[PDB]
Structures are given as structure tokens and as C-alpha cells.
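Note sheet for the following structure.
Quick reminder, even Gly has a Cβ in these numbers, built from the backbone with ideal geometry, and neighbours come from all protein chains shown. Bear in mind that the values in this text are calculations on the coordinates, not laboratory data.
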Amino acid sequence: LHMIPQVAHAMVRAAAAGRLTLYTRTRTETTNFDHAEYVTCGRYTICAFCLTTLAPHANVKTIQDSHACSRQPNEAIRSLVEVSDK
Amino acid sequence: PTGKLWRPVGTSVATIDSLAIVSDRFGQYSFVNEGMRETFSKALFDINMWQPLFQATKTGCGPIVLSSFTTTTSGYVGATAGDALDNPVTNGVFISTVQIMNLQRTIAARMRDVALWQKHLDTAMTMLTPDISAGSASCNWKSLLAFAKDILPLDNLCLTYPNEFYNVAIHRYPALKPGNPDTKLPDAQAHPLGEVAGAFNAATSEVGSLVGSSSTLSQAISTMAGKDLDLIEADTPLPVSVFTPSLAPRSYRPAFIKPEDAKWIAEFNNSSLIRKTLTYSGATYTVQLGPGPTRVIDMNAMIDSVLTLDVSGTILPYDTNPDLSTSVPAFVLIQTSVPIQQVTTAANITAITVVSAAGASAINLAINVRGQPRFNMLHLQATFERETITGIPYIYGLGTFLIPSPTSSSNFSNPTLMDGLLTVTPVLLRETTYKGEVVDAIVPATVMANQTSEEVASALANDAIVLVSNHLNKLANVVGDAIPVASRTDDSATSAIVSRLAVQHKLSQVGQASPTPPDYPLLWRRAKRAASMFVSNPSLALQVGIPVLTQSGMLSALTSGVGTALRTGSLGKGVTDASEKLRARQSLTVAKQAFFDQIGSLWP
Amino acid sequence: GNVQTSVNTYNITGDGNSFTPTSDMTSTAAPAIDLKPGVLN
Ligand SMILES: *C(=O)CCCCCCCCCCCCC
């Protein structure tokens with residue numbers, strides 16, 4: 001029960017009125033999901049690789065983490081943002 | 001002597017090197033000094049007591065004599081060859097390691113055995129308060145027994161062994177006096193194994209209770225030396241450590257705290273509004289800094305803590321200005337170029353970071369509670385760190401709103417969510433904060449009568465004030481507890497202060513007509529309420545404008561009095577109001593005698 | 001309360017027993033035995 005599903009209820013509600021800033025490993029925001037690791041609302045922050053909650057403050061410039069992979073997809077929330085960004 | 005026993009390994013001549021811990025197949029014999037036998041005897045004594053229940057239930061294995069775990073070796077016994085050389089002991093009584101093991105696991109195994117029975121004996125014993133504290137009071141035995149024959153639930157152990165528990169009991173309750181076999185009558189005196197101890201716990205009518213009054217003193221003495229109540233108003237740098245600040249996370253309500261009432265919180269007092277923008281998660285929001293002054297947590301003077309601004313139950317008027325709804329509330333830092341309180345318009349605000357936004361706009365976080373939609377209890381929360389703000393002269397934490405589109409409706413709103421109950425928790429005790437600066441040492445005396453009414457209640461969790469308050473608070477419970485600062489007894493506390501008022505009012509009279517000879521009946525009484533007002537609300541001694549209490553003498557004075565006062569209480573300190581206290585105990589025994597009278601009738 | 005006889009020097013239902021608290025002898029075994037490191041040795 002790592003995920004804490006009150007967090008995931010904040011993921012989807014930030015997806016619908018898309019906010020969902022996608023941040024890379026060099027703490028810059030992109031919209032492509034390929035170079036991006038951190039996922040915000042901006043309440044909660046989750047690295048897309050390990051898929052764990054990191055900080056409730058977003059502004060991911062102040063987060064320490066050590067993970068490295070090439071997976072955690074659902075891209076579906078990422079896809080739902082750009083549709084709802086219009 | 002003490003420690004393990006040693007013996008001349010080189011034989012005969014025992015020098016500071018021809019020794020060696022006499023170890024062997026049993027482990028090392030450690031000496032059993034006089035007092036350490038008191039314990040193991042006192043422990044075994046409390047087990048032997050349960051002898052009648054060990055045989056009854058075929059457990060146990062005979063009485064445990066401490067003389068079965070020891071030996072009678074002889075040699076030099078110390079902590080090290082060097083010092084063991086000065087303790088030649090002959091035929092001392094040592095207990096070998098492997099033995100120090102059994103006397104241990106035996107007292108442990110037996111301790112379980114009895115701990116159990118001893119629990120059954122109790123639910124039955126205390127189940128008829130065999131303890132009064134004034135005069136006597138009987139309860140005809142027949143009834144008593146025929147009564148518990150009932151109450152006691154079918155799974156006790158006092159029903160399976162009545163006079164197998166009774167014999168254990170007689171030695172613990174000098175209430176139950178067994179009827180002597182050859183005169184078939186009681187004994188007047190009751191002889192329970194705890195003969196002395198039980199004699200010295202009775203609430204002696206002369207003075208409350210020696211066992212009580214004695215401890216309430218040694219207890220206070222502990223604190224007095226411990227925390228460091230002594231030196232409470234010392235005038236010189238003291239490491240925060242000296243204040244053992246722990247479990248210390250205070251919560252507020254900013255956006256209310258005046259900036260001058262607490263340095264760690266400045267405000268944007270500017271004419272118009274200061275709508276700024278910032279791309280947060282793609283979407284562009286506008287921080288407002290609305291109509292009012294919008295008090296914001298300053299970042300400097302903010303001991304790297306864990307700021308957790310809770311926004312709940314607080315109003316959320318998205319009903320009127322629709323502008324408010326849609327905006328995700330979020331705690332955001334704000335770096336300004338020109339110092340705040342001088343920051344006029346948007347071009348002044350360097351940048352704005354959303355350190356922690358709330359997913360989902362202001363229309364899901366709501367909840368209607370009679371028209372006025374409130375905020376569903378949620379906690380936004382940064383983790384400010386001393387150095388993440390290095391260089392940056394101006395930066396402020398602000399729990400604002402982040403409106404997705406400013407409008408005319410939100411022209412008098414001012415979205416500061418600071419009205420919420422923010423809870424800062426210093427996450428790095430070593431560093432404190434004072435008057436707006438971060439330090440590593442306080443100067444106690446400085447913080448006395450230096451805060452204002454609310455320059456105290458507005459203190460920042462683990463800051464000098466909150467530390468020079470946590471401290472007085474201990475010293476406040478030592479007096480409140482041990483010393484009698486709550487009766488007309490002009491105690492040692494209110495007495496230390498009176499001597500200061502005199503010496504003080506006496507020199508202020510020196511030079512000039514001296515038309516007023518010091519009072520004293522009025523001084524004693526003035527200092528009595530001064531020492532009393534302190535015990536009452538320890539805090540006050542920090543607020544500017546408190547009679548007596550805030551002069552440099554007092555406190556520094558008080559404590560050092562209260563100090564020596566505890567180190568002399570005697571034992572019979574309980575003599576204070578030991579009259580009404582006594583008369584109240586007789587009052588209880590008269591009512592409890594009334595109880596035994598029914599146990600005595602109902603169950604004849 | 002059935003008669004026993006020798007197991008223990010006193011019968012419970014024995015002749016002339018007597019429950020009777022006296023403010024004078026507060027019943028107490030040995031709970032506060034000191035064992036802390038410094039104090040036990
Ligand atoms: C026979 O066992 C009848 C019941 C009488 C005594 C049972 C236990 C209640 C009285 C306790 C006596 C020992 C200490 C309470």
C-alpha cells in the first residue's frame with residue numbers, strides 16, 4: 001500500500017483541469033513525457049520512474065531523489081492533460 | 001570493595017600487574033558488596049513470601065536462599081589490577097558469572113509464577129479496600145468471606161486455594177489478622193512481612209505521609225538540578241542544548257500576527273494590488289497580494305523548519321467573486337528585489353515559486369456548511385531550509401491562492417490563505433531564533449520583560465522566547481509542586497523575592513528626606529503575589545510591564561531560593577495543612593466504615 | 001473455604017480471624033526494588 005490513494009485522487013483532479021506539470025531530471029518542465037521524471041499537481045510530486053510520492057510542495061527544485069529507469073507509464077494521465085488543456 | 005575479584009597470577013607477591021581477573025569454568029567472580037545483597041535478598045524475600053502457593057500448586061522448588069548462588073572466595077577485588085590492589089578481601093562473598101545468570105533467570109522464572117497468582121490475590125484483596133488512612137474500621141470476617149465467595153469471578157485463583165492464598169495474603173495486608181490457634185482470638189497488632197515498610201507508609205496524622213512528602217521533595221530536587229532550572233535568568237550566551245528543547249512544534253494563525261509583534265513575519269503594506277504571474281504546471285496563475293496588507297511568513301529568520309499551513313473550516317467565498325473559484329490554493333515563496341514593506345508593484349517581485357500547490361481548484365476543496373462554503377481540511381506544506389535561501393536578501397513564504405484569471409470581482413478579496421492554522425515545526429533543534437535572527441545561544445536575562453503581551457503568544461516554535469518559557473515552566477512546577485506558594489505561609493519562594501523588594505525599595509529611599517520607612521507587611525504581601533503570579537502563569541515574567549516579577553533581581557533570585565528551599569524540606573513538609581488533610585482522611589474512613597457495615601449485613 | 005489443615009499455619013474459615021484495617025499499617029509488599037545500573041552496581 002505504498003501509493004496512498006488520496007494522492008491518486010489528487011492526480012486525476014489535476015489531470016482533468018490539466019495542471020500536471022511534467023518535470024525532467026534537470027528540474028526543468030517539459031510536455032513530452034520522454035525526458036520527464038517528476039510529476040506535479042501542484043500539491044504532490046511523484047517521480048515517474050519509481051512512482052512514489054516525494055514532496056507535497058511541488059517546486060521540485062527542492063527535492064532530493066535517487067532513482068533511474070525508463071518506464072513508469074500510464075501515459076494516460078499525461079494524454080488526458082493535453083486534451084483537457086484546451 | 002566492588003567489581004570482579006582478582007588474584008595474583010604470578011603468585012604470592014600481589015603487585016599492580018601480578019594480578020588478573022580470577023576467571024574460570026564458572027565465569028568471573030564479581031564481589032557482592034553489602035548493599036547489593038540487600039536487593040537480591042529483598043527480591044528473593046518477596047518471592048519466598050509466596051511459599052504457601054508454590055507448594056499448593058506443585059510449581060516452585062523450595063525457598064530460594066541467596067546463599068545458593070554465591071561463594072566464599074578471597075583475593076583482591078577492584079575494577080582494575082591497579083585499584084583492585086587496595087581491596088584485599090578475605091572470604092568475601094562473590095557470585096560467579098554463570099551464577100549471576102541463575103539468580104537472574106530464577107528470580108525471573110519465579111517472578112512470573114508469582115506475578116500471576118499475585119494478580120488473582122489482588123482482584124480479590126483490593127476488591128474490598130483493605131486500606132484506610134485515619135483511625136481503624138473492621139468488618140466481621142464471616143460476612144466479608146461469604147461475600148467475596150460471590151463477587152470473585154469463576155476464574156480467579158482465590159477460590160481454588162482460599163487458605164493457600166490467605167496465608168500469602170496475611171503477609172501483605174496488615175488488615176487481615178489471622179485468628180491465633182491457641183486462644184482462638186485476633187492479635188491487636190498485625191504482623192505482615194512488610195512490618196517496617198508498611199509502618200512507614202501509613203498516613204501519619206502529624207505530617208501527611210513520610211513516603212509522600214519525602215519523594216515530592218527528592219522529585220523536585222531532581223528537576224532543579226536536572227533541566228538546569230538553576231541559572232534560569234543567567235545573563236550570558238547559553239547553547240540551545242542547555243534548554244533540552246524537544247517535542248516542540250507550535251502552531252499559529254498569521255495574516256493576523258502584526259509584523260512588529262513577531263519579527264518572523266513581514267507584510268506587503270502597499271496601496272493598490274500587486275497581481276503577478278507564474279507558469280505553474282503549464283497553466284499560468286496570478287498571485288494576488290490583494291487589497292489588505294497580506295502578512296507573509298518571512299524566510300529569513302525562519303530556522304529551517306517544516307512549515308505546514310493548514311487551510312480548513314476557513315471561509316472560501318467562491319460564491320460571490322467567481323474569480324476565487326477555479327484557483328488552486330497553494331503555499332508559494334516570493335522573492336522580491338526591493339525589501340518587502342517597500343515593494344510597490346509587480347516589477348518589484350523578482351520571482352514566485354509554488355513550493356506546494358493543492359491539486360484541484362477552489363470548488364472541490366469546498367463544502368457547504370450553511371451558505372458559507374468552508375475549506376475541506378487539507379494541509380499544504382513546504383520544508384524551508386536555512387541555506388536554500390542563501391544570499392537572497394528578500395524572500396517570503398505566502399500561503400495564497402493562485403487565481404487562474406484575476407477579475408474585477410477579486411478586487412477587494414485578497415486571497416491570503418494565511419487565516420488558516422499554520423504549524424511550523426523546527427526541524428533542527430541546535431539553531432534557535434531571537435528578535436528575527438537565527439542564533440546558537442540565548443542570553444536568558446535578555447528575554448525577560450522584553451516581549452510584549454503578544455510578542456510572546458506570537459513566538460515562533462523553538463525561539464528564545466519559546467525556550468525561555470519552556471524553562472520557566474519547569475521551574476514553575478518545582479515551586480508549584482514542592483514549595484507552598486499557595487497558602488499564607490510566606491514560603492521560601494515568596495521570601496526570596498521579599499528580600500529583593502526590601503533591598504531595592506530601601507536604596508531608592510536613600511538620599512532625600514526618607515519620609516517613608518519601608519513597609520514590610522505590604523512588601524511581604526506584594527512579593528507573595530509576585531511569587532504566586534509566577535507559579536501561576538510562568539510566562540508573564542517575559543512581558544514588559546509586570547509588577548516585581550520583571551525586575552532583574554527576581555527569578556535569578558527566586559530560583560536560587562527555591563533551590564536551597566528544596567534541599568532542606570526535611571521529610572515532614574507535609575505538616576502543611578496536615579490538619580484538614582487529616583480531618584479529611586478520617587472523613588473517608590468514616591464513610592468506608594459505613595461500607596463495611598453493609599458488606600456485614602447484606603451478606604450475613 | 002473448605003478446611004485444609006496444615007498446608008499453611010492458618011485456616012481461612014479458621015476460628016476468630018478478623019478483617020480490620022488500621023490507618024496505622026498501610027498494607028504493602030516490595031514493588032519499588034531498585035535495580036537501575038548505577039544503583040544496583
Ligand atoms: C472457600 O474457598 C470459600 C471462599 C472463601 C475465600 C475465597 C477467596 C475470597 C477471600 C480471599 C481470602 C484471601 C485474601 C483475599
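Side notes on the structure shown:
- From helices alone, chain B scores -9000 deg cm²/dmol at 222 nm; the rule is -39500 (n - 2.57) for each run of n ≥ 4 DSSP H residues, then divide by the residue total.
- Euclidean distance of C-alpha centroids, the range B:62-131 and the range B:183-239, integer Å: 26
- Average beta carbon contacts from partner chains per residue of A:16-23, 10 Å cutoff: 5
- Taken as Cα centroids, chain C and the range B:434-481 sit 52 Å apart, rounded to the nearest whole angstrom.
- Residues in the range B:315-323 carry Karplus couplings, in order, of 4, 8, x, 5, 5, 7, 5, x, 4 Hz; the curve used is 6.51 cos²θ - 1.76 cosθ + 1.60 with θ = phi - 60°, and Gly or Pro positions show x.
- Entry note, chain C: the mean residue ellipticity at 222 nm calculated from DSSP H runs of n ≥ 4, each adding -39500 (n - 2.57), is -1500 deg cm²/dmol after division by the residues and rounding to the nearest 500.
- Computed from phi, the 3J(HN,Hα) profile of the range B:229-237 under the Karplus parametrisation 6.51, -1.76, 1.60 (θ = phi - 60°) reads 5, 4, 6, 5, 10, 4, 9, 4, x Hz, with x in place of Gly and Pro.
- Calculated [θ] (222 nm, deg cm²/dmol) that DSSP helices of n ≥ 4 give over chain A, each run adding -39,500 (n - 2.57): -7500 deg cm²/dmol
- Of the residues A:51, B:460, the one with the fewest other Cβ atoms within 10 Å heads the list, and the complete ranking is A:51, B:460.
- Radius 15 Å from Cβ of residue B:282, net charge of other residues (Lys, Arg +1; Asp, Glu -1): 0
- Look at the stretch B:127-136: the mean tally of other chain Cβ atoms within 10 Å of its residues' Cβ atoms is 4.
- Cα-based shape type of chain A, given that a ≥ b ≥ c are square roots of the gyration tensor eigenvalues and the cut on a/c is 1.5: rounded
- Cross-link table B:528/B:592; B:177/B:581; B:4/B:42; A:86/B:258, entries beyond 32 Å C-alpha to C-alpha: B:528/B:592; A:86/B:258
- Spin-label pair residue B:253/residue B:13, simplified geometry with 7 Å Cα→Cβ offset, distance in nm: 8.5
- Note on residue B:560/residue B:151: beta-carbon distance plugged into 1/(1 + (r/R0)^6) with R0 of 56 Å gives a FRET efficiency of 0.50.
- Packing here is the average count of other Cβ atoms within 10 Å per residue, and on that basis the peptides B:180-189, B:151-160, highest first, run B:151-160, B:180-189.
- Centroid-to-centroid separation of the range B:274-288 and the range B:535-604 [C-alpha atoms, Å]: 61
- Distance between modelled label sites at residue B:577 and residue B:272, nm, 7 Å Cα→Cβ extension: 6.7
- Evaluating kT/(6 pi eta Rh) at 20 °C and 1.002 mPa s, with the Kirkwood radius of chain B over Cα pairs in the Stokes-Einstein relation, gives 67 µm² s⁻¹.
- Computing Rg and the Kirkwood Rh from the Cα coordinates of the range B:1-119 gives a ratio, Rg/Rh, of 1.11.
- Dipole magnitude (debye, nearest 20) for the range B:294-393, charges at Cβ of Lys, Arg, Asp, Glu: 240
- Taking a sphere under 11 Å around the Cβ of residue B:43 and counting the other residues whose Cβ falls inside, with K and R at +1 and D and E at -1, yields a net charge of 0.
- Charge dipole (the protein assembly as shown, unit charges on Cβ, about Cα centre) - positive-most of B:211, B:507, B:166: B:166
- Ordering of B:258-264, B:61-67 by packing [mean C-beta count within 10 Å, highest first]: B:258-264, B:61-67
- Taking Cβ atoms as reference points and 12 Å as the exclusive limit, the residues near residue B:158 contribute a net charge of -1, counting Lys and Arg as +1 and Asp and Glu as -1.
- Helix B:580-602 and the long axis of chain B differ in direction by around 60°, with both axes built from C-alpha atoms.
- Coil-residue trypsin sites (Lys or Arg not before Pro) of the range B:542-604, DSSP, other Cβ within 10 Å capped at 15: B:567
- Protection proxy ranking, highest mean first, for peptides B:464-475, B:246-257, B:166-177, C:11-22: B:166-177, B:464-475, C:11-22, B:246-257, where packing is the per-residue count of other beta-carbon atoms within 10 Å, averaged.
- Taking one quarter of the surface of the C-alpha convex hull of the protein assembly as shown gives a mean projected area of 52.5 nm².
- Those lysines that a straight Cα-Cα span of less than 30 Å connects to residue B:263, excepting residues fewer than 8 apart in one chain: A:61, B:227, B:276, B:435, B:474
- Dimensions in Å of the range B:162-286 - Rg and Dmax from alpha carbons: 33.7, 104
- Across the range B:156-163, coupling constants 3J(HN,Hα) worked out from phi with the 6.51/-1.76/1.60 Karplus curve, θ = phi - 60°, read 6, 6, 8, 9, 7, 9, x, 10 Hz, and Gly and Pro carry x.
- Stretching residue B:392 away from residue B:520 to a fully extended chain increases their span by 40.2 nm, per 0.36 nm per residue minus the current alpha-carbon distance.
- Test item: B:382-391 mean partner chain Cβ contacts at 10 Å: 2
- Cβ-Cβ FRET estimate between residue B:598 and residue C:13, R0 fixed at 22 Å, reported to 0.05: 0.50
- Excluding same-chain neighbours fewer than eight residues apart, the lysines reachable from residue B:58 by a Cα-Cα span under 20 Å are B:119.
- Global geometry of chain C, whether rounded, prolate or oblate, following the gyration tensor of its Cα atoms and the 1.5 cut on a/c: oblate
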